[PDB]
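Peer 1: Residue numbers (the deposited numbering), protein chains in the order written: chain B, 8 to 256; chain D, 25 to 69; chain D', 25 to 69; chain C, 1 to 240; chain C', 1 to 240; chain C'', 1 to 240; chain A, 10 to 301; chain A', 10 to 301; chain A'', 10 to 301. A prime marks a further copy of an entry chain.
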Amino acid sequence: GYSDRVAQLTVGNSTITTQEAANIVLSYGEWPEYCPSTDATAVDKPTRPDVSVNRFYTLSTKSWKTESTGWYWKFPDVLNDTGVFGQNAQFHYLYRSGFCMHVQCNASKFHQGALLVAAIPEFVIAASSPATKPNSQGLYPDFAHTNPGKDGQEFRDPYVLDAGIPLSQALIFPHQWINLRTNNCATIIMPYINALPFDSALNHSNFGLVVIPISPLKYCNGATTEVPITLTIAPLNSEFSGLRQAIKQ
Amino acid sequence: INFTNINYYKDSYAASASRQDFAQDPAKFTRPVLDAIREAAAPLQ
Amino acid sequence: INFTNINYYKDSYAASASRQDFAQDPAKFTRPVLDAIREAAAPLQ
Amino acid sequence: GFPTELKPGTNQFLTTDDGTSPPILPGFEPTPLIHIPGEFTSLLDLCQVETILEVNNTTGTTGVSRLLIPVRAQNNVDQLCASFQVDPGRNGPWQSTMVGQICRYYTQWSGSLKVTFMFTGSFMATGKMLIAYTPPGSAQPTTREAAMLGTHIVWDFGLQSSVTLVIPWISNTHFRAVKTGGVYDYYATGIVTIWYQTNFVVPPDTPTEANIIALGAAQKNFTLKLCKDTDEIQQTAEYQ
Amino acid sequence: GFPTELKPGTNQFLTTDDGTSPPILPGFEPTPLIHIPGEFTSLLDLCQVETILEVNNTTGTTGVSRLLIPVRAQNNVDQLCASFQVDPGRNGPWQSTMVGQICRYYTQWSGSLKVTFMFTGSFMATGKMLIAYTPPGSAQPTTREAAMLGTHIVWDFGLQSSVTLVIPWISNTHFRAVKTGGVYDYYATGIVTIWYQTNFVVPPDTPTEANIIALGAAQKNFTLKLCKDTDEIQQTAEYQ
Amino acid sequence: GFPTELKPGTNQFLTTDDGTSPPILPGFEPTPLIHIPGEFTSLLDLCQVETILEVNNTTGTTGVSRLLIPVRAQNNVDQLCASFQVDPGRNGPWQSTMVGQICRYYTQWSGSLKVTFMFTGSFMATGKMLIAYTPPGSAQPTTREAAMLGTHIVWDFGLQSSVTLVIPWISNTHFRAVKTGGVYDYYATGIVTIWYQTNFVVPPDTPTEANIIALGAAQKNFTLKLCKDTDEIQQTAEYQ
Amino acid sequence: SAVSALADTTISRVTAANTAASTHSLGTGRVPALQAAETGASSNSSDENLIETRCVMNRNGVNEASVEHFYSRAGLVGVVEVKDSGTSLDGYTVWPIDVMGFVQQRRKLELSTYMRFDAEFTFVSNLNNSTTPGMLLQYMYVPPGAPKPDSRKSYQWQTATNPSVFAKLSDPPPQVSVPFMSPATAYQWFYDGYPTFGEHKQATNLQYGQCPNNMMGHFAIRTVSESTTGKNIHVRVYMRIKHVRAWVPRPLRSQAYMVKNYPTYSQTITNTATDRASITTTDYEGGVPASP
Amino acid sequence: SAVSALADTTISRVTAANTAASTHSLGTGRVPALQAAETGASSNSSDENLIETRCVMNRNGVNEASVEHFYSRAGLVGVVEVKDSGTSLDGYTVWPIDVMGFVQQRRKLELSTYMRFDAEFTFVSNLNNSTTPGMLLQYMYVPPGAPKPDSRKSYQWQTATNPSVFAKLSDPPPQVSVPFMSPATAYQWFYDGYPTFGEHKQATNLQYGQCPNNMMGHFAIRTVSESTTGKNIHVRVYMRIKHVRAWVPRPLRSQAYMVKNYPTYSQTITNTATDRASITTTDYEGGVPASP
Amino acid sequence: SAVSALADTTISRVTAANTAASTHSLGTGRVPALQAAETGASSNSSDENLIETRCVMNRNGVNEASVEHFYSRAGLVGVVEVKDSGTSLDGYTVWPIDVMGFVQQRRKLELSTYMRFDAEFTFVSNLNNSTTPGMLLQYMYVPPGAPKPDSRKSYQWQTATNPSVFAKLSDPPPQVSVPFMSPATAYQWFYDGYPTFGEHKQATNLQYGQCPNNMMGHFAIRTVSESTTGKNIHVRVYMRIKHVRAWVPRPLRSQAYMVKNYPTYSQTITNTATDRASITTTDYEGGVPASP
Ligand SMILES: CCCCCCCCCCCCCCCCCC(=O)O
Ligand SMILES: CCCCCCCCCCCCCCCCCC(=O)O
Ligand SMILES: CCCCCCCCCCCCCCCCCC(=O)O
Ligand SMILES: CCCCCCCCCCCCCC(=O)O
Ligand SMILES: CCCCCCCCCCCCCC(=O)O
């Protein structure tokens, strides 16, 4: 009737071991599933390259600092140029997949801090601008902020999630904390959420992956200053339809 | 004697609001975890 | 042939007045005493 | 012609009238309904999700720092860490909560609340806190001795990093008005004060000031009533 | 379109029309109904409660003294103590009664009345009174010999301190109009006169003047009809 | 008079309201319904009829020549014969089709399309063509090597003079908006390019340039939605 | 089927108490006339036991004296002037919902201490000259806590959640059903207490008797207009109390009211009964006596 | 027959969770208070397991907090001025159908990511002086792709296929039922993507977040007139969302909106919670303590 | 009873054709792609037999593409000006009933050669300033042969047998059901012939294509007036075609119409398809190719 602190996540040829894990958040209680015949609309037979694309891709490592605001990734965009997933995402017009997001941040028992690892469906990034005409560039975020790639994007205003919504209510989304005294990893299994059965992996980013320090990383002199935060994600039940020439963006 | 929830048009979307199917399933937002944790139990043991 | 007391709305408080339950219980105001006193009897004996 | 008599309320447009209206599109079959994960059918299900209380809503405190209750090693005993009123719809820490924002779309609320405090210090940081809920009629307790007379929990920091303080539904009325202030302090819910039961003890070479994150939510018996319009965002011109 | 024809009375707002109207709050469940003691469902139940008749409604008499019928030791015999008309809605002693005020919310009344006289003298004060109800057609009896020809009770003061004089429903019509005066004396109920059957005898060192308290109410066969607006309080400006 | 309350939408004339109206002619029996051949009860049945695509909609090309895809003997290999977008309601070759004109009376379409190419050269003219459907996201393929990565058919000229290229319903949404251009290229269907798989080989004394006639239609799973008004013919004055 | 319910929908007549025939009683120990009013109980003496009565099969209907029939009558509860002319170019008015502003409704309600009821609110709006030109009004119910409008154009009139009625003056009176809206089990016309804790040592003491369980918000009325209309609209609010549950009957008010939310009578106390010349003088002349 | 269906049409009351009676607990291993918020799960601690509770048979109705009741309320979604006076002698206006132009409706919708619903659109049209003279209007729905009118006389008003409503200003507000019109399974108030492929390197980047699955065409309104009427008509569009299906709840918007189709907040970020003097200061005075 | 009929009155959804799952085919003699368009038959090639398809349980509703739903929409069929001002002080107008005067209705009808239908004719009448003052109009149907009125007072308005509708402009639009009135089994939008025998050698040849089976008389409209009203009334006639039976589908008209009763196109023939630069140029930019 409890959650075991040890966990092993084996997907494909990738395996993730954690010895200080809180639990595994199954987003909205729904495992990732393949598109049923009732919900499908595209007639082409989808490709399900099970083990070549459904596997853990360690994508980015961000150095947690005392004044760090946080980072966000867009799930399809963060894997669109990586591995056989990226190739299928480029060669195919349609794509659907869940994911198993695994954020890793280990620190000594003398460090402190708390990250909020949340998976935000349809994470539309806002721009912070003064009162200006709709002609103004500052009213709308550039592409580097909407699709940060694999490197992610440092939050400008994590208090409002760079979306005008309060960070305090970001816990309405499938979330997990990395409290350094408690756990060093946060696992979120997110099913494919979209008003469409399939969608373009290049145009549309289904989920945002926010890692925001709520309690700032504090430690004493002599502790290891560099405390990294690693994002390992794994597609789950990846389908691809609409084969054509490979399209980058 | 109630005489309501009557559709006068052949299109079903012309009907009144569907106000008779109150369902409350908060577990998908409140306990979205794989390991079900008992209340009396220490969660991380 | 009466066709009334019909609620046309899903909310029960939109109905007409409840005018069919005339009840008269004056004893709680007229004889609010512990010792029931017969009419023919001298009350304080 | 069937004899009819038009009654008052004829020709009125009540914005909350669940009635029929002619369909603009004869024979329109919409796009099929596919399964989308995360359907919510009740706003009470959303109110039970714990969201961060903005307890450090003080002048100077900016950004995510407003979500932290600072806890440090005390030089004296029986001291006050933080306090906040537990009126969900009152301008204050509960504004940052999903329950405190959905409450504002309703006039009256009812049911128990729940604040889960998460300690975000070092593993080596130990401490015991007394988190007391003071029912109405009393101001914020001036001493821990006065606060421990109300509904309280003595929280011990440890492997489990979070404690839940249920604010029980202690009310004279079945519902409390979401509006507060003035004569509406009749519907005051109370005050939650966090006291140092013991100190915040740390070994050497360990941070001496940590943070408690408060997570407010609604209990299973929570209920809202009389949907109204919130007073959270105002508009002076149509968004173009 | 179903053929209909609008009839007269269309668009009118009748203030006494028990009809339906659209609910402003969809799905509103009110606060639960808990048991409150003292529910009254009929105004006739209130009219049967005995309330003090203001029989001493005379010039100079102020305050609670207007509720007392003075009785004293008489130097002569067969004297008149007090008289009052038994028209419930007439400006007079019955205004101070619950029956006389609920009667004014109705146009026509019917049924027997009841005046319970309570003697509030010393235990040593003895006396016999003749309380006579004179049916309509006769003025106030000038002598006790004339009053004893009507419905009367000879009241003996004693351990039981109260007597009940039923004013029987002696009327030509099934109902009497609450309005009195002018041609509406057709609906006169009668006159109740209190006479000294014997004297008011007291021993030495005992008060020689006591008070009778009249308590008017309605009998079980009392009935009201044609709800109207009372003429008891007038308003010249909205109460701000 | 039966109590009724008029609701919003009273007295409005909705042009798409299937309601009753009084008959102008009592007891009118129309002319008997005799069998007429060629009754159509569904516009989808009309959309499945193959009609000539106007693929040669180029400047200078006039008349029936706009319905021909010229094919000739090539001096080089892997060359492009013709290309056209497969958006049925887009201004282009599909305007000349019954499916492309009935699509314009609807806002959203769905289902597979079908282009039957008929080779109208000499019996002695042989050739193989690669007709490729490029799903959205890609521009017109610049080489046959890039086009053969999509849905394609290698057509061999012979006794059967016609090939069918199904444009499969490869869409993210269940329906595509008939409107194209701008942000509505989100509903782009793709591009069909005709490539010379091999050459157009003829014996001596034989025409070296022939024509392919494209015949566009809708597959059995074709569906239209949200009837609207087409933008094909405009009127500035009532036709007198 | 349910046609049996529609058949028994007319009001059935409940008759008054029949009078039984009674004869003379000559004995001891049986004293139905002697009572003890000190016991707090009304007299149980019947007409049969004090006079020789006849058999009266009474058929007088007592059904009209019910609390429902006494209260289910639309009376004036509010007059809201939508001033849009002269010095007050507002075009809107936010009216505190209170049913104790007019004597006829107030005195009937104060017959009971607690009343739990639904209401049928009707709005009879017109100009000063009694005319009702087609002029679009918006009657928005602003529950306690909802933002009150501060102009005729303010965002609160979007009424995304607030109940609102749009009706022209030319339309028949807007009529809506209001539920029992109260945090308490019943409304409370008399609240012997204070809403808040404290010392209550103010010179005015305005908070005595003020129960917020009865304060049900505001009625915001506006002309749906873009500028001043130059016309003042008088909205008369009529409340018909239905589904009534009354508790703890009270003496009907005898003194003239002076304020809305407080029992407060003048120092010149008016007697409940009108004065007469003497305690032995009745002004009923009757007929000519046969033999004086 | 089907009279059983008409009987069970009133809304039944679903009550809140009852509180069970609980006693004291003195032992080890049973820690219903200790939680682990890192797990992403809300606390399963009940009131019975943290305090000694009583048996409360709760009868509070939770039925009003449903997504249907929260959304089935007509709010303002559009104000369309049919300018026909002064410099704008058009007599018609083609209005882009968007429900995100007004804060009250927009903030309620953005509580959810995806919403699939039918709507009841109501048109409350009047002049500037709130008056509604008999003036024939035509409210034509122009779906995406249908030709938009370019004058008050143009051929598009023939509405042979377009839905159109003819109603005078004097008529009660025109009200129609609109189905779920969208190529997607649900509307999408937040679209983290771009409608078209490409580089998206523009200085403005206007296409981010613009999902054409929500762009449902235009509402073309005209006075059915032959020349200028000299009167501007203000059409207020009210949408009542019925048959609601909401997915992926979101944080309610905290910053003031700046534009219609983009989340864009000011550089002056407003705190979700109002500032107080100190983290240990609460402004609740309560009563006088018995013994301080 | 007949309550079963009222239950099955809502439109049931007929779905599109499902796609079956298909695998690869490597053999001879099975050529589902090769067709012979010379046979006049459309291709019977299915998606399953040309590509590897999946199983798509299609739930797209094809019910809206029916001839009933395509035609049962009120479109403008006539604009009748009742001139009563200036040089035309007639107060009446006799309008030849023809549904081919306006492009939107005409092009939809000419999709079919023969149409047998009942109609719901609606009359939306108003003044030039779009206002609808209470003004009594008489819409009299004058069938072929009935005497046409020659004034506003003439005897034909007695309408002892002619169908006539009296309705003020202030009333909602008069709406009547017209049966299938035709000597033929169906109306005939294209009549390749002449109504009368003869030589047909006129220089104009006005009688070609004129089938009197479609000429259904006149609509005589008058103001019920005794003198000139000084106001011109514009009556817009809207026909909703119901109970439709269509035969012999035709190509939709591509050239702009020039006259009412004749197919007649300009010498400047407009191409059905818009011109592009080349037969190998498509204006779809797509995305950036991964490796060109
Ligand atoms: C759309 C307009 C709707 C109108 C809403 C009316 C709401 C009325 C509230 C119910 C009235 C009864 C409670 C009044 C109690 C106040 C009296 C008092 O104690 O001072
Ligand atoms: C005759 C007049 C009929 C009115 C037709 C109204 C059609 C309304 C469309 C449905 C509204 C909901 C979808 C709105 C989504 C747009 C918001 C956005 O994402 O910017
Ligand atoms: C009281 C007013 C009643 C209106 C009577 C309308 C009668 C309409 C006739 C039916 C319309 C369809 C037939 C039109 C055919 C004419 C077109 C043509 O071939 O030129
Ligand atoms: C026109 C007649 C419509 C009849 C509709 C059915 C109403 C049944 C009456 C009982 C109400 C249901 C709740 C109950 O059982 O008490
Ligand atoms: C539309 C039909 C409604 C029928 C309602 C039931 C009426 C029954 C008729 C008898 C009236 C009841 C009193 C009686 O039994 O005489």
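We put the CB at the ideal spot given by N, CA and C, even for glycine.
Give a yes or no on whether the minimum CB-CB distance between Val86 of chain A and chain C' is below 8 angstroms.
Peer 2: False, the Cβ-Cβ gap to chain C' never drops below 8 angstroms.
Peer 1: Check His209 of chain A' in the structure and name its three-state DSSP category.
Peer 2: Here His209 of chain A' sits in coil by DSSP.
Peer 1: For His152 of chain B, which of helix, strand or coil comes out of DSSP?
Peer 2: Here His152 of chain B sits in helix by DSSP.
Peer 1: Using alpha carbons as the reference points, say which of C:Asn199, C:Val178, C:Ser171, C:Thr206 lies closest to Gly154 of chain A.
Peer 2: The shortest Cα separation from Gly154 of chain A among C:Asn199, C:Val178, C:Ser171, C:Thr206 belongs to C:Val178.
Peer 1: Work out the CA separation of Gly8 of chain B and residue 280 of chain B for me, nearest whole Å.
Peer 2: As shown, chain B starts at 8 and ends at 256. That puts residue 280 of chain B outside it, with no answer to give.
Peer 1: Residues in the segment 103-126 of chain C with C-beta within 9 angstroms of chain B's C-beta atoms, listed in sequence order?
Peer 2: Flagged, chain order: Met118, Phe119, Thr120, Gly121, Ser122, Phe123, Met124, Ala125.
Peer 1: Any heavy atom of ligand 5 within a distance shorter than 7 angstroms of the CB on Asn31 of chain D'?
Peer 2: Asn31 of chain D': no, Cβ never under 7 angstroms from ligand 5.
Peer 1: Check whether chain D comes within 8 angstroms of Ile172 of chain B, counting only Cβ atoms and requiring the distance to be less than that.
Peer 2: So, not an interface residue.
Peer 1: Just to confirm the assignment, what range does the alpha helix (DSSP H) spanning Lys81 of chain B have?
Peer 2: Taken as a continuous stretch (DSSP letters only), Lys81 of chain B belongs to no alpha helix (DSSP H), being part of the beta strand (DSSP E) at 78-81.
Peer 1: Output the boundary residues of the beta strand (DSSP E) element that contains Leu209 of chain B.
Peer 2: Taken as a continuous stretch (DSSP letters only), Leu209 of chain B belongs to no beta strand (DSSP E), as it is neither H nor E.
Peer 1: Relative to the alpha-carbon of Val183 of chain C'', which residue among A':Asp107, A':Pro221, A':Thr194 has its alpha-carbon at the smallest distance?
Peer 2: Here the closest residue by C-alpha is A':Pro221.
Peer 1: Could you tell me which whole alpha helix (DSSP H) segments of length 4 or greater appear in the segment 117-187 of chain B?
Peer 2: Runs found: 150-153.
Peer 1: Just how far apart, CA to CA, sit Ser136 of chain B and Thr277 of chain A'?
Peer 2: Their backbone Cα atoms lie some 9 angstroms apart in a straight line.
Peer 1: Suppose the cutoff is 6 angstroms on Cβ atoms and the five residues either side in sequence are ignored; what does the same chain contact list for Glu77 of chain A'' look like?
Peer 2: Excluding sequence neighbours, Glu77 of chain A'' sits near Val253.
Peer 1: With 8 angstroms as the threshold, decide whether the Cβ of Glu50 of chain C is near any Cβ in chain B.
Peer 2: Taking Cβ atoms only, chain B reaches closer than 8 angstroms to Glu50 of chain C, which makes this a yes.
Peer 1: Pick out whichever of C':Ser110, C':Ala139, C':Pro26, C':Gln12 has its Cα sitting closest to the Cα of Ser179 of chain A.
Peer 2: Answer by Cα proximity: C':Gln12.
Peer 1: Starting from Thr4 of chain C', find everything on chain C'' with Cβ-Cβ shorter than 9 angstroms and list it in chain order.
Peer 2: Residues of chain C'' passing the Cβ test: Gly1, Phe2, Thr4.
Peer 1: Just tell me which of B:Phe247, B:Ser245, B:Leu238 has its CA closest to the CA of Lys69 of chain B.
Peer 2: Out of B:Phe247, B:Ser245, B:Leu238, B:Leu238 has the C-alpha closest to the C-alpha of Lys69 of chain B.
Peer 1: Please tell me whether, using a cut-off of 7 angstroms, the distance from the CB of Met225 of chain A' to the nearest non-hydrogen atom of ligand 2 is below it.
Peer 2: Flag set: Cβ of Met225 of chain A' near ligand 2.
Peer 1: Would you be able to state if there are at least three C-beta pairs under 8 angstroms between the segment 159-175 of chain C'' and the segment 115-128 of chain C''?
Peer 2: The segment 115-128 of chain C'' vs the segment 159-175 of chain C'': in contact.
Peer 1: For the putative contact between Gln240 of chain C'' and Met129 of chain C'', defined by C-beta atoms under 8 angstroms, what is the C-beta separation to the nearest angstrom?
Peer 2: The pair is not a contact, with the Cβ atoms about 50 angstroms apart (cut-off 8 angstroms).
Peer 1: Do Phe27 of chain D' and ligand 5 come close, with the Cβ less than 7 angstroms from some heavy atom?
Peer 2: Indeed, a heavy atom of ligand 5 lies less than 7 angstroms from the Cβ.
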